[PDB]
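> Sequence first, structure after, both from an experimental entry:
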Protein chains: 2
Amino acid sequence: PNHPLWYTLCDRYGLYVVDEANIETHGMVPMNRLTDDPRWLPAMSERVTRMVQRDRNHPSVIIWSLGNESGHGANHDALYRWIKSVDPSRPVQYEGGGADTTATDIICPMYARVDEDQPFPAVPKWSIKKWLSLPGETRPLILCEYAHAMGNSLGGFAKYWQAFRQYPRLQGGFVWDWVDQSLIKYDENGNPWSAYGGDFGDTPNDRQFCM
Amino acid sequence: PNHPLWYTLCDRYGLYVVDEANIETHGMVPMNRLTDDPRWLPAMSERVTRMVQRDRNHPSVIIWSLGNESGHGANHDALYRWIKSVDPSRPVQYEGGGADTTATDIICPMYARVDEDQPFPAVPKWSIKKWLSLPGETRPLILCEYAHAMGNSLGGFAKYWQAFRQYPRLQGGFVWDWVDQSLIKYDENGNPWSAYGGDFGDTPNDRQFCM
Ligand code: NA
Ligand code: NA
Ligand code: NA
Ligand code: NA
């Protein structure tokens, strides 16, 4: 959840918002170790419920998200249902555990390609065009992350947009991402420079992957 | 319906068969003028019912077809239901009137392209990958005719097969067609040559479009 003013500005300027619970457990092995554990249900529930109680009157919020990269666990299913129960006015999405689980109203993969399948075990990233028409699948598809804009990038961006316009159920996506997470440091002359991972003696670190 | 020996041979050698009613009214304007007319229902029903009564014990016959190029009329809907009622063992298909009407269990277009839409009014030929995922659509797609093999042709055949293999619900199709409809004529010396439309004094005629 963002600083409270963000939503007011999105209401007044006009931007659709996905409001997202502060739950990410990416570093667990496997990813759902905590989110499938009922002992962590209370902590997770507060991060979802208190978000909804705070932000439910903002028109700019159109979709609730259960968080990010925390696999898929039974706690997600419980909290998916909690939101559906308390606020039927908004769809609920969540990408973890393969992007099309029972905890999401929207097929919302990250970096699924336009034409190319990536058949990873358990959590494949199907071509988005193919994903829509998998046996029994009916949901809309909106990428929670796509077109990774790291440095000299966005090659193939036009390919996504051509597909979005051709396929009714391909309803777009959210580019990753808006702004480089660089921080300002100062050299011996006092001149500013843009710093990334490692530049603060932080270790281990993932270098420029924050930009 | 074919010569009776054909089904026996397909049973024994092993070929899946679509058994098709002798109903085509292509030249009508519009194409469904007779097939939407209750006065033509009796003549139409016999072409369907007597086919079913004849061929229903052949294992090779796996799909019934209501005919070809006769638009979509209420008579198709009635006859579709008649088959479903008398023989639940086989799907019923029919391409007329847009290839995805209420008279077909299978989306069965002719000459729908792999990637390229052909948005004709009333009867569009969607990209086959797109067609599958149109809002609410769930059926399998098998082209009743594709890859028109007229003369020096079958360009882009590999594109179909790549798509058939990638998409579960794209289940193939039937090439148009097997054999040139050329006829033998003899020159002054009695030497045989291959004849087509118009070569018999027949007029009007459509020339080589039979090959
Ligand atoms: Na779209
Ligand atoms: Na990053
Ligand atoms: Na297939
Ligand atoms: Na022809």
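Great, that's in hand. Residues are numbered from 1 along each chain as shown, chains lettered A, B, ... in the order given. Ligands and ions are numbered 1, 2, ... in the order given.
> can you count the residues close to the residue nearest to residue A:198 when sequence neighbours are not counted?
Excluding its sequence neighbours, the residue lying closest to residue A:198 (Cβ to Cβ, 6 or more residues apart in numbering or on different chains) is residue A:205, at 4.5 Å. Just so you know, the C-beta spots here come from the backbone N, C-alpha and C atoms, and that holds for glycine as well. Residue A:205: 13 surrounding residues under other Cβ atoms under 10 Å in any protein chain shown.
> my guess is residue A:205 meets residue A:197, correct?
Yes: under the criterion of Cβ atoms under 8 Å, residue A:205 makes contact with residue A:197 at 3.9 Å.
> returning to what we had before: what backbone torsions are found at the residue nearest to residue A:198?
Torsion angles at residue A:205 (phi, psi; degrees, to the nearest 10) stand at phi -150, psi 160.
> Chain B versus that one, what's the distance?
Counting by Cβ to the nearest Cβ, to the nearest Å, the gap from residue A:205 to chain B is 40 Å.
> Likewise for residue A:71?
Taking Cβ to the nearest Cβ, one finds residue A:71 at 26 Å from chain B.
> Please apply the same query to residue A:21.
With the distance defined as Cβ to the nearest Cβ, residue A:21 ends up 29 Å from chain B.
> Spit out the contact partners of that residue.
Neighbour list for residue A:21: A:1, A:44, A:47-48, A:51, A:64-67, A:79 [criterion: Cβ atoms under 8 Å, 6 or more residues apart in numbering or on different chains].
> What residues of the helix or strand residue A:172 falls within count as buried?
For residue A:172, the host element (DSSP states H and E) is strand A:170-175. Neighbour-count burial for strand A:170-175, counted by 16 or more other Cβ atoms under 10 Å in any protein chain shown, picks out A:170, A:173.
> just stretch A:107-121 next, same as before
A:107-110, A:112-114.
> Equivalent analysis for stretch A:155-168, please.
So, applying 16+ other Cβ under 10 Å, buried residues of stretch A:155-168: A:160, A:163-164, A:166-167.
> Go through these and name the one nearest residue A:141.
The nearest member of the buried residues of stretch A:155-168 to residue A:141, counting by Cβ to Cβ, is residue A:167 at 8.3 Å.
> Skip the chain neighbours and tell me the closest residue to the closest one.
Distances taken as Cβ to Cβ, 6+ apart place residue B:130 nearest to residue A:167, at 5.7 Å, with adjacent residues excluded.
> That neighbour - that's part of a strand, no?
No: checked against DSSP: H, G, I helix; E, B strand; the rest coil, residue B:130 lies outside a strand; its state is helix.
> if I pick it, what's in contact with it?
Per Cβ under 8 Å, 6+ apart, neighbours of residue B:130: A:129, A:166-167, B:117.
> Ligand 1: which of those residues is nearest?
Closest approach between the contacts of residue B:130 and ligand 1, by Cβ to the ion: residue A:167, at 5.1 Å.
> Against residue B:162, how distant is that closest one?
Going from residue A:167 to residue B:162 by Cβ to Cβ, to the nearest Å gives 18 Å.
> got it, and residue A:83?
Taking Cβ to Cβ, one finds residue A:83 at 41 Å from residue B:162.
> re the thing from before, with secondary structure and distance to residue A:121 added, can I get the contacts of residue B:130 in CSV?
CSV is the format used below for the contacts of residue B:130 (DSSP: H, G, I helix; E, B strand; the rest coil; distance: Cβ to Cβ, whole Å):
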residue, secondary structure, distance to residue A:121
A:129, helix, 22
A:166, helix, 30
A:167, coil, 27
B:117, coil, 35
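> ok, which stretches of chain A are strands?
For chain A, the strands defined by DSSP state E occupy A:17-20, A:61-65, A:92-93, A:141-146, A:170-175, A:183-186, A:192-195.
> Is the fourth one in proximity to chain B?
No: counting by Cβ under 8 Å from any Cβ of the partner chain, chain B has no neighbours in strand A:141-146; the shortest distance is 8.8 Å.
> Tell me what angle that strand forms with strand A:170-175.
Orientation check (axes from the mean of the first three to the mean of the last three Cα atoms, to 10 degrees): strand A:141-146 against strand A:170-175 gives 10 degrees.
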